[PDB]
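> Below is a structure I'd like to ask you about.
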Amino acid sequence: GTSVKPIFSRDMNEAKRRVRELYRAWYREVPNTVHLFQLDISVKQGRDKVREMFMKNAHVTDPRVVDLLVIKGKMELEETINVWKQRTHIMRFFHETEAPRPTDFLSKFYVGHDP
Amino acid sequence: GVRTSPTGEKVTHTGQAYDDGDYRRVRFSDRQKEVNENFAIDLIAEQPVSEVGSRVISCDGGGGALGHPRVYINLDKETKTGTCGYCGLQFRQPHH
Amino acid sequence: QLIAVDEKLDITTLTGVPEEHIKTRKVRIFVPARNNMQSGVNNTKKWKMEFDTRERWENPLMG
Amino acid sequence: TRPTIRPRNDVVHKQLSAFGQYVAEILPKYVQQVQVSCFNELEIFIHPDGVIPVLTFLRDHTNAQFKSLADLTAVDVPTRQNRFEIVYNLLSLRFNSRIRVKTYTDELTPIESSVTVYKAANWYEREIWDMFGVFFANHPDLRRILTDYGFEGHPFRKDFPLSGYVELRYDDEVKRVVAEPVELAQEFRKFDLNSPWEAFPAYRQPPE
Amino acid sequence: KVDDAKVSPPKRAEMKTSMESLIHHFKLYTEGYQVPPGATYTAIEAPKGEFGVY
Amino acid sequence: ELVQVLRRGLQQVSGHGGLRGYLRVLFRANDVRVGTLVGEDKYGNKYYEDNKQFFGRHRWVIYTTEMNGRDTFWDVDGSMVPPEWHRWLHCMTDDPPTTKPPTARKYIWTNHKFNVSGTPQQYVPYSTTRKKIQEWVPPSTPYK
Amino acid sequence: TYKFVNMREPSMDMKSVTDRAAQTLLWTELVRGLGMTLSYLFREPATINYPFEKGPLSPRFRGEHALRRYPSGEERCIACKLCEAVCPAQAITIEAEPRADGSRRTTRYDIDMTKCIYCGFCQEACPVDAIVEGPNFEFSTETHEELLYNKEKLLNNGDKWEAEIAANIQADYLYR
Amino acid sequence: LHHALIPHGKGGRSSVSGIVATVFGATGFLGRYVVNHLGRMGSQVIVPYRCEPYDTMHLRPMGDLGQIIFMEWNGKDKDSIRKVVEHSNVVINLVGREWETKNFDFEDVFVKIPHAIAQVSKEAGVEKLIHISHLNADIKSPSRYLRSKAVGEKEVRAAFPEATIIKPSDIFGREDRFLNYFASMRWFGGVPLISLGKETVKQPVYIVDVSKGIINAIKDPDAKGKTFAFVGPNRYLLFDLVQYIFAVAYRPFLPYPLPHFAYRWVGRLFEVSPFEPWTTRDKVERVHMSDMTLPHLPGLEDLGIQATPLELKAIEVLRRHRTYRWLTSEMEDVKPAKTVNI
Amino acid sequence: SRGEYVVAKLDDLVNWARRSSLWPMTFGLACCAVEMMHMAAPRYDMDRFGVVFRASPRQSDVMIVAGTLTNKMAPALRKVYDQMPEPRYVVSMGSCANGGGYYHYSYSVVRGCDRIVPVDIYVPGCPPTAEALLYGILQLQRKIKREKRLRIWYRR
Ligand SMILES: CCCCCCCCCCCCCCCCC[C@@H](O)O[C@H](CO[C@H](O)CCCCCCCCCCCCCCC)COP(=O)(O)OCC[N+](C)(C)C
Ligand SMILES: NC(=O)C1=CN([C@@H]2O[C@H](COP(=O)(O)OP(=O)(O)OC[C@H]3O[C@@H](n4cnc5c(N)ncnc54)[C@H](OP(=O)(O)O)[C@@H]3O)[C@@H](O)[C@H]2O)C=CC1
Ligand SMILES: C=C(C)[C@H]1Cc2c(ccc3c2O[C@@H]2COc4cc(OC)c(OC)cc4[C@@H]2C3=O)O1
Ligand code: SF4
Ligand code: SF4
Ligand code: SF4
Ligand SMILES: [Zn+2]
């Protein structure tokens with residue numbers, strides 16, 4: 001029950017379907033994104049980044065949340081295709097100017113008080 | 001009352017001065033350090049104590065509306081003087 | 001139309017918050033204590049949620 | 001009471017109350033509440049499913065003729081189960097009147113788009129999507145309007161920090177503007193101003 | 001300005017002379033006046049059209 | 001008539017101290033008007049007025065050629081005007097400091113300073129508070 | 001109550017038609033515009049000879065900030081922190097402690113002039129007329145750091161501009 | 001640690017890293033990257049400059065408010081060096097010119113200046129000194145550049161025993177002379193190579209790798225008296241290297257052999273330029289000389305740095321040298337060149 | 001030395017030419033653009049100093065950042081700054097450009113244009129008066145007069 005209203009999908013199957021269509025679109029767009037923006041990354045790098053972005057939300061089990069995520073991904077794809085985004089906006093996905101933050105206990109204890 | 005630290009840097013009225021091993025002094029190389037030479041504590045210490053023949057005096061800092069809020073100072077203690085909490089002026093009754 | 005979602009509510013993936021500020025943060029839900037310098041009790045009516053205190057340091061310039 | 005107090009107008013109050021009763025009688029399916037403020041403002045709290053009908057009625061009925069959409073925004077109240085409150089402000093030039101329509105939604109419930117009823121709503125709805133994250137169904141072109149490209153999160157939400165999470169600076173090594181986790185030379189000083197003494201007895205709540 | 005020192009600040013002479021005026025000046029310039037709960041939409045005819053505040 | 005305008009110009013060039021003064025004022029201020037000397041500044045500036053000009057052009061200053069330490073024959077700026085002549089020049093008052101001198105205080109600067117940005121006398125910010133937390137000083141003697 | 005701006009019809013008599021034809025063929029209104037520009041050419045320009053001439057100002061003008069003193073040389077500021085609380089841009093930072101003589105005085109008073117909106121609220125909220133906005137406006141710098149004023153800089157500004165600040169306050173304190 | 005010099009924050013722009021660095025030669029190719037990497041962590045950087053302040057403008061946005069201080073200095077004056085190194089705990093030396101000027105020879109910029117810097121820093125109490133020499137530095141090298149480099153390295157080691165000496169090899173980047181030098185020879189029409197470049201082996205290193213190595217050596221407690229060699233992960237012949245450079249830039253490669261005396265004559269002819277010379281005899285000598293192999297010296301891997309191959313960063317330098325026809329071509333379209341590794 | 005005199009005279013001539021003809025790019029962001037317009041108004045008439053607006057960045061010498069620089073816009077400002085041929089100068093006008101001003105603690109505001117481009121002159125105010133911006137422009141002219149490029153080129 002829980003008395004909820006859908007956005008686009010009634011269950012997990014249609015949500016996974018829309019996810020697959022969005023992944024297809026991003027996969028096809030990646031080489032054009034590399035060509036037009038004159039990025040120094042390879043097509044493999046962009047496709048791996050797209051795969052990682054999709055995998056970051058693999059734990060979602062709510063069709064409404066998945067529908068909203070697909071809507072946001074379509075928004076981002078439309079932003080990229082129309083070249084509304086700039087090279088900085090595209091390259092922000094990679095964090096090349098961020099020092100790697102360590103994850104083990106000893107380094108965190110050394111650097112500062114944050115966990 | 002300006003005075004210099006053992007490093008040669010002037011000490012501000014707040015009493016701050018960079019330590020000998022402090023790297024921040026490098027910000028003053030080929031430039032200067034802004035120090036105000038008119039120390040308010042000394043300048044208010046030079047003011048004479050006013051003598052008034054009443055137990056309670058009123059102070060507004062002078063200028064009427066151009067001073068500080070008007071306050072009333074009690075002058076019963078003959079061991080000390082009545083000091084305004086806004087302007088720092090001192091008042092006392094004719095003693096001895 | 002109703003689709004009968006059976007899972008617990010979770011909107012973390014949609015808020016845009018970095019994961020570091022989701023897993024490592026601890027919030028406090030409490031009724032704020034009355035300030036002891038005053039006898040008023042109007043500030044002890046609603047509940048407050050606030051995050052844990054993190055590091056604050058001194059700016060090298062202007063302190 | 002004369003010089004420094006705002007004068008009252010009970011005639012407009014009566015007119016607004018009568019028209020609120022009129023609208024409530026005509027549309028019992030959606031209207032949940034009607035209120036008239038002390039400063040002569042009419043508010044109608046309705047059900048979300050009646051967003052499209054009610055507005056259309058208010059736009060097309062001969063006795064309503066609310067042909068102008070002055071404003072459309074959202075209010076975030078985290079203490080409510082339905083976190084977002086959608087507000088429509090309508091102006092009627094024929095009768096020289098103003099009305100307010102209020103409805104509610106949450107993060108995962110879409111709201112029917114009223115672009116068909118009012119063409120002015122389009123950008124407004126985009127803003128509500130951009131600033132609060134409320135999805136509008138059957139919107140002709142829904143996307144961000146005010147925020148930066150690729151910006152994550154909805155800033156006007158209450159749990160969003162004032163300074164955000166990222167900041168921009170130019171980097172010479174990569175020769176471009178990059179975004180990094182936010183750092184402040186001086187932290188924003190939070191002030192606690194609410195006096196511990198109640199100011200308005202007329203708004204005192206029951207002690208639960 | 002409205003002759004209500006709980007909304008509008010008093011004159012500087014009154015603030016430096018009267019206790020009530022000083023207290024009201026302090027509270028208004030530190031915390032400010034409290035506004036009763038409520039929502040309003042006020043619109044004016046600005047030179048560019050209708051300018052409104054909700 | 002035009003002849004009277006030429007005569008006015010000839011009087012203008014004559015009234016600036018000759019041809020050399022006329023050329024100096026023309027190359028220093030790009031203006032050759034003659035007005036009544038309101039006063040002279042302690043740092044060398046001269047202040048003139050002419051109420052027959054329209055508002056804004058009725059008061060002006062010829063800056064000094066020698067400020068505190070720098071040559072101001074060509075390098076001049078509006079920051080070299082002392083506060084009293086600053087008040088008079090910007091039409092904040094009608095009374096010049098010569099006829100309405102400001103109140104004298106022992107803490108007011110007796111020597112005006114211009115904008116010292118980009119100069120070894122520029123302002124460098126720093127913290128005016130003292131050290132907050134004092135660390136423990138270990139003893140200087142051995143423990144064993 | 002309203003009027004029309006473009007609800008005028010032209011006369012269709014032969015004379016008016018000839019006048020409009022002459023207007024079209026001989027460009028009368030273009031000559032009118034040329035004459036207007038020529039008339040403006042012979043007027044006196046409104047330009048002033050900066051920096052030798054300055055635009056008018058008022059005693060209410062808000063410019064560079066300054067900290068004032070009493071005629072005895074004692075600082076007016078008592079560290080009440082009203083200006084810090086009323087500052088819309090949070091540009092004021094104040095730290096205070098009892099002085100050596102027990103006076104309530106500041107130890108830190110910073111104004112971030114790159115944060116300040118120059119609204120003048122601080123000098124309205126001050127109960128002792130300690131912080132004021134002076135008449136100076138020509139204080140542009142070459143570096144960002146020079147616009148972060150500490151207590152020493154503001155005290156120097158007050159000592160430098162008191163002669164004009166006192167006169168400006170004297171001419172306007174009755175409006176406050 | 002002199003409490004004010006204790007690290008604080010998250011290592012961002014507004015953080016405190018505890019590093020006070022005097023970076024001599026910060027207005028050069030390596031200097032801008034070093035200053036950027038230092039100011040990223042919230043360090044205090046002191047930049048001594050002898051050029052126009054305009055030429056230092058690009059260094060301004062690299063730090064927070066008050067974290068970069070620009071100070072005038074003179075190479076032949078030791079009092080100025082003292083003045084700029086009084087309050088620093090790290091002093092980095094990047095001073096060096098590829099050519100000779102009428103006021104400064106190779107010995108002046110590679111022997112006298114580094115020795116004076118080291119002596120003054122040792123007198124002033126600077127904790128760490130980083131010195132930069134060349135990998136191919138040799139006392140009996142045919143090029144006076146490397147002879148001066150070796151003599152200055154010995155002088156720096158003598159004056160500052162705990163100095164960390166870093167020996168990179170043919171740093172390549174956006175503002176390099178290495179890749180741009182080969183790419184600009186397209187204007188003449190033919191590429192002159194001694195022995196057709198078949199007898200030279202090069203191991204270029206990325207600029208970001210060198211800057212990160214310098215930073216890590218500053219933060220490494222055991223790299224005090226060590227000597228490092230910064231080299232790339234691959235070794236190429238000069239012919240194959242120039243071929244790949246021209247292929248990435250999509251320019252027709254027309255190599256021809258030029259004898260040693262002819263190339264020396266060309267270098268001497270170009271040396272009379274009062275401005276920055278296009279090439280010199282010493283540059284010709286250094287170009288056609290194989291990079292040394294020093295397996296006994298620590299490398300970038302011992303500092304936690306993984307060397308960036310030229311194949312992933314060549315396009316970011318060589319896209320500027322293309323025409324409009326090939327401007328948008330991807331990086332993986334060039335078929336990386338052959339490497340002589342062991 | 002004769003050569004030192006020659007290079008000093010040439011440097012003076014070049015500095016005079018560059019400071020006498022300053023062409024700011026026609027570029028405004030917020031409220032401060034109104035005061036820039038008033039500086040271009042007849043009362044102040046920046047054109048009498050040799051200062052004219054030009055739309056194309058390739059024909060511009062100075063960039064006057066007059067207004068808030070937002071996150072969405074900073075790449076565009078950097079792009080139009082990079083397309084200015086050298087020598088080029090940047091004048092920061094108003095609190096918003098200098099350090100963020102009223103919107104310093106905002107999620108979408110760059111806390112100072114100096115994070116994106118190097119700044120030569122900072123003009124304080126909110127907004128600075130047209131007189132203040134004129135003072136900043138004249139200070140920039142003096143700073144250009146202080147430049148000596150050929151001198152350091154000779155001493156090299
Ligand atoms: C055949 C010729 C071929 C080449 C021709 C090239 C062009 C000819 C050279 C042009 C000469 C004119 C320049 C002189 C103008 C100087 C004006 C003077 O006032 O400037 C002063 C100082 O002048 C400069 O310091 C020096 C300028 C020139 C000095 C040397 C130039 C000598 C000419 C050499 C030409 C050789 C050409 C070589 C190539 C063939 C300071 O003024 P400034 O502060 O700004 O303005 C302040 C405004 N105030 C007063 C209202 C406040
Ligand atoms: N491929 C490479 O880059 C090779 C670099 N080398 C070493 O790396 C260091 C830096 O390299 P790189 O950035 O390419 O060199 P650059 O030519 O780009 O700049 C070096 C710096 O040294 C300064 N400088 C040079 N001579 C003097 C002098 N007589 N007095 C004062 N300052 C001077 C320059 O300042 P100014 O602009 O004012 O003249 C310049 O900023 C150098 O020490 C070099 O020897 C190591 C191997 C590889
Ligand atoms: C060219 C001279 C005569 C004046 C006019 C002018 C400038 C400088 C800049 C601009 C400009 O006009 C255009 C068009 O009108 C506005 C109106 C604006 O706000 C009302 C606004 O704010 C950014 C910007 C602009 C343009 C722009 O920036 O000097
Ligand atoms: S003028 Fe306004 S913004 Fe500036 S310091 Fe005063 S109160 Fe703050
Ligand atoms: S309001 Fe006036 S007295 Fe109070 S802290 Fe500010 S400057 Fe000082
Ligand atoms: S500094 Fe003030 S006037 Fe200028 S753009 Fe910002 S808010 Fe507007
Ligand atoms: Zn008093």
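In the structure tokens, each chain is lettered A, B, ... as it comes, each chain's residues begin at 1, and ligands are numbered from 1 in order of appearance.
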Residues within 7 Å of ligand 2 (only C-alpha atoms and all ligand atoms), as JSON, numbers by chain?
{"H": [24, 25, 26, 27, 28, 29, 30, 31, 49, 50, 51, 74, 75, 93, 94, 95, 96, 97, 98, 104, 108, 109, 132, 133, 134, 135, 167, 168, 169, 170, 171, 172, 176, 177, 178]}
> Which residues are near ligand 7 - at most 8 Å, using only C-alpha atoms and all ligand atoms? Format: as a ChimeraX atom specification.
/B:59-62,68,70-71,83-89
> At a cut-off of 8 Å and counting only C-alpha atoms and all ligand atoms, what residues surround ligand 1? Please answer as a list in words.
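What falls inside 8 Å of ligand 1 is residues 27, 28, 29, 30, 73, 74, 75, 76 and 77 of chain F; 9, 10, 11, 12, 13, 14, 15, 16, 17, 19, 20, 141, 142 and 145 of chain I.
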> Please report, as a ChimeraX atom specification, each residue of region 61-250 of chain H to which DSSP assigns alpha helix (DSSP H) when run on this structure's backbone.
/H:78-84,106-107,113-124,144-159,178-183,207-219,238-248
> Which chains and residue numbers are within 8 Å of ligand 5, counting only C-alpha atoms and all ligand atoms, if I want them as an MDAnalysis selection string?
chainID G and resid 67 76:84 94 106 122:123 125:131
> Write out as an mmCIF file with N, CA and C atoms, in the first residue's frame the residues lying within 10 Å of residue 14 (chain E), counting only C-alpha atoms and excluding same-chain residues fewer than 6 positions away.

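That gives us around.cif:
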data_model
loop_
_atom_site.group_PDB
_atom_site.id
_atom_site.type_symbol
_atom_site.label_atom_id
_atom_site.label_comp_id
_atom_site.auth_asym_id
_atom_site.auth_seq_id
_atom_site.Cartn_x
_atom_site.Cartn_y
_atom_site.Cartn_z
ATOM 1 N N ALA B 65 23.608 66.176 22.616
ATOM 2 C CA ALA B 65 23.250 65.014 21.812
ATOM 3 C C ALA B 65 24.428 64.451 21.032
ATOM 4 N N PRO B 69 25.273 58.573 25.986
ATOM 5 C CA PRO B 69 24.078 58.630 26.834
ATOM 6 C C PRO B 69 24.407 59.155 28.225
ATOM 7 N N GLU E 20 13.769 54.231 28.214
ATOM 8 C CA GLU E 20 12.951 53.445 27.297
ATOM 9 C C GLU E 20 13.459 53.566 25.869
ATOM 10 N N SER E 21 13.825 54.781 25.457
ATOM 11 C CA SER E 21 14.330 54.987 24.107
ATOM 12 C C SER E 21 15.638 54.239 23.885
ATOM 13 N N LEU E 22 16.536 54.257 24.874
ATOM 14 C CA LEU E 22 17.794 53.531 24.733
ATOM 15 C C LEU E 22 17.562 52.028 24.652
ATOM 16 N N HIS E 25 16.131 51.285 21.209
ATOM 17 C CA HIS E 25 17.175 51.399 20.194
ATOM 18 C C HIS E 25 18.081 50.174 20.207
#
> Report, in Å to a single decimal, how far apart CA of residue 70 (chain G) and CA of residue 134 (chain G) are.
16.6 Å
> Identify which of the residues G:136, G:103, G:72, G:143 lies closest to chain H, counting only C-alpha atoms when measuring atom-to-atom distances.
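Using only C-alpha atoms, the shortest distance to chain H belongs to G:143.
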> Could you please extract the residues within 7 Å of ligand 6, counting only C-alpha atoms and all ligand atoms, and hand them back as a CSV table (one decimal) with N, CA, C and O atoms, in the first residue's frame?

chain,number,residue,atom,x,y,z
G,117,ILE,N,28.6,47.1,2.2
G,117,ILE,CA,27.7,47.6,1.2
G,117,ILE,C,27.5,49.1,1.4
G,117,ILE,O,26.8,49.7,0.7
I,30,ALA,N,26.3,44.2,-13.2
I,30,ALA,CA,25.2,44.6,-12.2
I,30,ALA,C,25.2,46.1,-12.0
I,30,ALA,O,25.8,46.8,-12.8
I,31,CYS,N,24.6,46.5,-10.9
I,31,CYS,CA,24.4,47.9,-10.5
I,31,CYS,C,25.6,48.8,-10.8
I,31,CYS,O,25.4,50.0,-11.2
I,32,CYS,N,26.8,48.3,-10.7
I,32,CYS,CA,28.0,49.1,-10.9
I,32,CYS,C,28.1,49.6,-12.3
I,32,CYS,O,28.8,50.6,-12.6
I,66,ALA,N,32.4,45.1,-13.3
I,66,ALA,CA,31.4,46.0,-12.6
I,66,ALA,C,30.2,45.1,-12.3
I,66,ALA,O,29.2,45.1,-13.0
I,67,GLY,N,30.2,44.5,-11.1
I,67,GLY,CA,29.1,43.7,-10.7
I,67,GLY,C,29.4,42.4,-10.1
I,67,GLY,O,30.6,42.0,-10.0
I,68,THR,N,28.4,41.6,-9.6
I,68,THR,CA,28.7,40.3,-9.0
I,68,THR,C,29.1,39.3,-10.1
I,68,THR,O,28.6,39.3,-11.2
I,94,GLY,N,33.5,47.9,-7.2
I,94,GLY,CA,32.4,47.6,-6.3
I,94,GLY,C,32.8,46.5,-5.3
I,94,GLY,O,33.8,45.7,-5.5
I,95,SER,N,32.0,46.3,-4.3
I,95,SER,CA,32.2,45.3,-3.3
I,95,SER,C,32.0,43.9,-3.9
I,95,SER,O,32.8,43.0,-3.5
I,96,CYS,N,31.0,43.7,-4.7
I,96,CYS,CA,30.7,42.4,-5.3
I,96,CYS,C,31.9,41.9,-6.1
I,96,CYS,O,32.3,40.7,-5.9
I,97,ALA,N,32.5,42.7,-6.9
I,97,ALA,CA,33.7,42.2,-7.7
I,97,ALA,C,34.9,42.1,-6.8
I,97,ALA,O,35.7,41.1,-6.9
I,101,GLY,N,31.0,41.1,-1.5
I,101,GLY,CA,30.1,42.2,-1.0
I,101,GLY,C,28.9,41.6,-0.3
I,101,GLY,O,29.0,40.8,0.6
I,102,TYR,N,27.7,42.1,-0.7
I,102,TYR,CA,26.5,41.7,0.0
I,102,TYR,C,26.2,40.2,-0.2
I,102,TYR,O,25.4,39.7,0.6
I,125,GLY,N,33.4,50.5,-2.8
I,125,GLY,CA,32.1,51.1,-2.9
I,125,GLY,C,31.0,50.1,-3.2
I,125,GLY,O,31.3,49.0,-3.7
I,126,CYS,N,29.8,50.6,-3.0
I,126,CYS,CA,28.6,49.8,-3.3
I,126,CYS,C,27.4,50.7,-3.6
I,126,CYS,O,26.5,50.9,-2.8
I,127,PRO,N,27.4,51.3,-4.8
I,127,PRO,CA,28.4,51.3,-5.9
I,127,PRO,C,29.4,52.4,-5.7
I,127,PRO,O,29.1,53.4,-5.1
> Which residues come within 9 Å of residue 146 (chain D), counting only C-alpha atoms, excluding same-chain residues fewer than 4 positions away, as an MDAnalysis selection string?
(chainID D and resid 126:127 130:131) or (chainID I and resid 72)
> Could you write out that same residue set with N, CA and C atoms as a PDB file, in the first residue's frame?

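Final output, saved to part_3.pdb:
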ATOM      1  N   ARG D 126       9.550  25.982 -13.738  1.00  0.00           N
ATOM      2  CA  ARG D 126      10.959  25.626 -13.836  1.00  0.00           C
ATOM      3  C   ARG D 126      11.711  26.083 -12.598  1.00  0.00           C
ATOM      4  N   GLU D 127      11.456  27.318 -12.156  1.00  0.00           N
ATOM      5  CA  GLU D 127      12.110  27.813 -10.951  1.00  0.00           C
ATOM      6  C   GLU D 127      11.794  26.922  -9.760  1.00  0.00           C
ATOM      7  N   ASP D 130      13.842  24.066 -10.074  1.00  0.00           N
ATOM      8  CA  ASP D 130      15.264  24.350  -9.917  1.00  0.00           C
ATOM      9  C   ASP D 130      15.615  24.627  -8.460  1.00  0.00           C
ATOM     10  N   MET D 131      14.766  25.377  -7.760  1.00  0.00           N
ATOM     11  CA  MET D 131      15.106  25.828  -6.417  1.00  0.00           C
ATOM     12  C   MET D 131      14.656  24.853  -5.338  1.00  0.00           C
TER      13      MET D 131
ATOM     14  N   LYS I  72      27.900  30.582 -12.499  1.00  0.00           N
ATOM     15  CA  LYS I  72      27.478  30.306 -13.867  1.00  0.00           C
ATOM     16  C   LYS I  72      28.200  31.188 -14.875  1.00  0.00           C
TER      17      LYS I  72
END
> Quick one: of G:142, G:124, G:133, G:164, who's nearest to chain E, counting only C-alpha atoms?
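That would be G:124, the residue with the smallest distance to chain E.
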> Got a sec: who's within 6 Å of region 32-35 of chain E, counting only C-alpha atoms, leaving out chain neighbours fewer than 3 positions off, as an MDAnalysis selection string?
chainID E and resid 7 28:29
> For residue 16 (chain H), list every protein, DNA or RNA residue within 12 Å, evaluated using only C-alpha atoms, and leave out those in the same chain fewer than 4 positions away; present the list as JSON, numbers by chain.
{"A": [111, 112], "C": [56, 57, 58, 59, 60, 61], "D": [183, 185], "H": [3, 4, 5, 6, 7, 8, 9, 10, 11, 12, 20, 38, 39, 40, 41, 42, 43, 44, 45, 63, 64, 67]}
> Counting only C-alpha atoms and all ligand atoms, name the residues that have an atom within 8 Å of an atom of ligand 4; the answer should be given as a list in words.
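The residues within 8 Å of ligand 4, counting only C-alpha atoms and all ligand atoms, are residues 62, 65, 83, 84, 86, 87, 88, 89, 90, 91, 92, 111, 112, 113, 115, 116, 117, 118, 119, 120, 121, 122, 123 and 133 of chain G; 102 of chain I.
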> For N, CA and C atoms, I'd like the residues from the last selection saved as a short mmCIF file (atom, residue, chain, number, x, y, z; two decimals), in the first residue's frame.

data_model
loop_
_atom_site.label_atom_id
_atom_site.label_comp_id
_atom_site.auth_asym_id
_atom_site.auth_seq_id
_atom_site.Cartn_x
_atom_site.Cartn_y
_atom_site.Cartn_z
N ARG G 62 28.08 58.86 2.40
CA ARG G 62 28.69 57.71 3.05
C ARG G 62 29.93 57.30 2.26
N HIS G 65 35.19 54.50 6.20
CA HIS G 65 34.83 54.42 7.61
C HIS G 65 35.94 54.98 8.49
N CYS G 83 26.98 47.79 16.12
CA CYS G 83 27.30 47.92 14.70
C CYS G 83 27.59 46.56 14.09
N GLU G 84 28.23 45.67 14.85
CA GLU G 84 28.50 44.32 14.36
C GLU G 84 27.21 43.53 14.19
N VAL G 86 24.12 44.87 13.63
CA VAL G 86 23.24 45.46 12.63
C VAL G 86 23.82 45.38 11.22
N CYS G 87 25.08 44.99 11.07
CA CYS G 87 25.73 45.01 9.76
C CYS G 87 25.07 44.00 8.83
N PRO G 88 24.41 44.45 7.76
CA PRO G 88 23.75 43.50 6.84
C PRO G 88 24.71 42.53 6.17
N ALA G 89 25.94 42.95 5.87
CA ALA G 89 26.89 42.12 5.15
C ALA G 89 27.87 41.40 6.07
N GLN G 90 27.71 41.52 7.39
CA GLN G 90 28.59 40.88 8.36
C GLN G 90 30.05 41.26 8.11
N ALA G 91 30.28 42.54 7.83
CA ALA G 91 31.61 43.03 7.51
C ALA G 91 32.41 43.47 8.73
N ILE G 92 31.80 43.48 9.92
CA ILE G 92 32.44 43.99 11.13
C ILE G 92 32.74 42.82 12.05
N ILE G 111 36.88 45.90 9.72
CA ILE G 111 35.82 46.09 8.74
C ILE G 111 36.35 45.62 7.39
N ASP G 112 35.69 44.62 6.81
CA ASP G 112 36.06 44.12 5.49
C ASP G 112 35.41 45.04 4.45
N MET G 113 36.21 45.93 3.86
CA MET G 113 35.66 46.91 2.93
C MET G 113 35.27 46.29 1.60
N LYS G 115 33.50 43.50 1.76
CA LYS G 115 32.20 42.97 2.16
C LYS G 115 31.18 44.07 2.38
N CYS G 116 31.63 45.25 2.80
CA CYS G 116 30.73 46.33 3.18
C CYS G 116 29.91 46.80 1.99
N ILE G 117 28.62 47.06 2.25
CA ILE G 117 27.73 47.62 1.24
C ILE G 117 27.53 49.12 1.42
N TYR G 118 28.20 49.73 2.40
CA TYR G 118 28.17 51.17 2.62
C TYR G 118 26.74 51.68 2.82
N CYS G 119 25.96 50.92 3.59
CA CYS G 119 24.58 51.30 3.87
C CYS G 119 24.45 52.31 5.00
N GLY G 120 25.50 52.51 5.79
CA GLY G 120 25.46 53.46 6.88
C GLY G 120 24.74 53.00 8.12
N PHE G 121 24.34 51.73 8.20
CA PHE G 121 23.59 51.25 9.36
C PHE G 121 24.44 51.26 10.62
N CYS G 122 25.75 51.05 10.49
CA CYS G 122 26.62 50.99 11.66
C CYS G 122 26.67 52.33 12.39
N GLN G 123 26.68 53.44 11.64
CA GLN G 123 26.74 54.74 12.29
C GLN G 123 25.38 55.17 12.82
N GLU G 133 30.89 57.01 8.72
CA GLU G 133 31.28 56.91 7.32
C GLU G 133 31.74 58.29 6.87
N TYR I 102 27.72 42.11 -0.66
CA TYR I 102 26.48 41.71 -0.01
C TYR I 102 26.20 40.22 -0.17
#
> Could you please extract the residues within 8 Å of ligand 3, counting only C-alpha atoms and all ligand atoms, and hand them back as a PyMOL selection string?
chain I and resi 26-34+36-38+40-41+53+66-67
> Set the distance at 7 Å and use only C-alpha atoms: which residues neighbour region 56-59 of chain H once local chain neighbours fewer than 2 positions away are removed? I'd like the list as a ChimeraX atom specification.
/H:27,32,53-54,61-62 /I:118
> Give one line per residue of chain I that approaches chain F to at most 12 Å, naming the two atoms of the closest pair and their distance in Å to one decimal, counting only C-alpha atoms; sort by chain then ascending residue number and deliver it as a Markdown table.

| residue | atom | partner | partner_atom | distance |
| --- | --- | --- | --- | --- |
| I:43 | CA | F:56 | CA | 9.1 |
| I:44 | CA | F:56 | CA | 10.8 |
| I:48 | CA | F:30 | CA | 10.6 |
| I:49 | CA | F:30 | CA | 11.0 |
| I:120 | CA | F:118 | CA | 10.4 |
| I:121 | CA | F:117 | CA | 9.9 |
| I:122 | CA | F:117 | CA | 10.6 |
| I:131 | CA | F:78 | CA | 9.7 |
| I:132 | CA | F:78 | CA | 9.8 |
| I:134 | CA | F:78 | CA | 10.3 |
| I:135 | CA | F:77 | CA | 7.5 |
| I:136 | CA | F:77 | CA | 10.1 |
| I:137 | CA | F:77 | CA | 11.1 |
| I:138 | CA | F:77 | CA | 7.9 |
| I:139 | CA | F:77 | CA | 8.2 |
| I:140 | CA | F:118 | CA | 10.8 |
| I:141 | CA | F:75 | CA | 9.9 |
| I:142 | CA | F:75 | CA | 7.3 |
| I:143 | CA | F:118 | CA | 8.3 |
| I:144 | CA | F:118 | CA | 11.9 |
| I:145 | CA | F:75 | CA | 9.7 |
| I:146 | CA | F:118 | CA | 10.2 |
